[PDB]
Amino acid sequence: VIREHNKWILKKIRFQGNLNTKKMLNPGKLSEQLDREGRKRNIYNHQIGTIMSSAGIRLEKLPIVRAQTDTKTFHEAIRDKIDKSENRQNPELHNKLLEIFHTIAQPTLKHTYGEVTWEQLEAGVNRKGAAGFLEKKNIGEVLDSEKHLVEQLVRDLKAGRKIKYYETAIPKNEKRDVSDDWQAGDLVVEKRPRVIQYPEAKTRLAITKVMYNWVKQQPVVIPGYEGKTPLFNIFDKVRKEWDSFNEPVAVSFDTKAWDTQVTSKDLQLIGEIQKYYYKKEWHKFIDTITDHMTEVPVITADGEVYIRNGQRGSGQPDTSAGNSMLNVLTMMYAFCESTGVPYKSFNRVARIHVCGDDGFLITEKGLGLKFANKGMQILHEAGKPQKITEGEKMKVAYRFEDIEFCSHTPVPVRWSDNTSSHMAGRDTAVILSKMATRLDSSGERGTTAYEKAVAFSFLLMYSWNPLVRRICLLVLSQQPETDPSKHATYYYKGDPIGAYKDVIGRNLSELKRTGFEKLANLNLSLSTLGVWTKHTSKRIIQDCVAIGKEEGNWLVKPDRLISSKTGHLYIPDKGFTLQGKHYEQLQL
């Protein structure tokens, strides 16, 4: 019981309290917070957050917390992962790994790679790209002015000269999924930070500029490199391979802290593979740069300095390519050595998919489990320790939907024309989490021109999720005469629904059904964690109907269920899908 002149505060609570105070009342949390600089910004996306709160969705219950950027733990991070000797690896590992590479190399491109125009390096670049402990300017600023300094770096490197190489190590500030944790007792309030180790935004532009093709894997030369592959159509092509086996089994790759496991010889092996695709003139640039990465001096954000014995530095330009190639080769290596299947014969009995250290392969039940069992040991001595599990063997999948990749598994979808396909699935709880806390930082206070680009982006990815799909449609119904933001993953031109068709291949309205028992599972956590109420679904459905009832062409009617209830369809006008300020150019 609180005093009257104090109840006014209550008009502002928007979430249950988390203080867990025991002798002092803790009414609730407010919708806003305080900037690291004192300002008062929002926690979630307004439009989206509001719609979700309409139904019994409790934003405060979404498995999402921030990472601890404090130095105390930031150091505990370095000490717990990066502080390690290099993994002992069997002798011929790198010879036999190189051997496997040659069985997959394309002679057509051998020694054909060269430098690139500032005009393509500049394409899609994240300008606000870090600076480096001893560097004043960031990417963009370097691009604006010191563009010349970068050209001599390239020269000094091509000539294999002196270069004071070093990396800055800072804890990555970001919100992290804690779904698993909360699903079990551990109600963590925040999670350990990832240490980003990176070159100096000059040395970055220098390396990237000449090695654009390998790094940006334009001609994709890495077996099963799913890196430039949009996520919303990968399982369809993977379903193909699955269906091409008699008793298919999928085995996932689970290296514990990949980056932390790359050896010097691993880095050298990629150096070689790199020299295979680059013209002889650049081979010294590669040797010089590779030589430095074998032992890097690292300056932490607070001043400390450690001499890392070259593992991988997340901020290095060659992380995606390097890690991927190195991953496939090592997995291919392990597989063959476990089954006996000749290196050269891999593609005869197996199909592989890799994205960094993330990936899996598909083979017959026989070979597959022989690999999962003998792979633990073989990989371990190869220097890529697999996460220890109760099963004692690599994670095997006997069902297609049980295939996990890039934090997603295949969700079955039934189209109106009685055909099927699979989309990228994930626990709803998490989709909703990321959809509510993704705030774009084109710094801006965010529009409704950004929340639309986000909803559109989540539409392409999760149309198979009714709840999520409808939330998007509602957001997209707002302010029709205001184009979407380009600061989201994808954005659209013309009609959103028209655009959906553009990349998905089918129209939203043609989406007739979602695997019952798959969707069912992906919604289980929503209750365990009490994220929604037994009326949310109903409510969101009503929210939609309301809008699409009256005669007119409403973009909320592309949802079959809503359509049948309002009796109206939605006739799309053309639309086109596009990326925004990009990471790795997806080839849509």
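Quick note: we count residues from 1 along the sequence shown, nothing fancier.
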inquiry  = Which is higher on mean Cα B factor in this entry, 229-237 or 358-366?
reply    = 229-237
query = Is the mean CA B factor in the deposited entry higher across 285-293 or across 310-318?
reply = 285-293
message = Out of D83, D177, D417, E481, whose C-alpha atom has the biggest B factor in the entry?
response = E481
task = Tell me which of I170, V468, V328, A130 tops the list for C-alpha B factor in the record.
result = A130
note = Entry-reported C-alpha B-factor of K493 relative to its chain, by third, is highest
Ranked against its chain, the third holding the CA B-factor of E92 = middle
key: Third of the chain, ranked by Cα B-factor, where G114 sits   = highest
query = In terms of the chain's CA B-factor thirds, is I57 lowest, middle or highest?
reply = middle
task = Sorting the chain's modelled residues by C-alpha B-factor, tell me whether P248 ends up in the lowest, middle or highest third.
result = middle
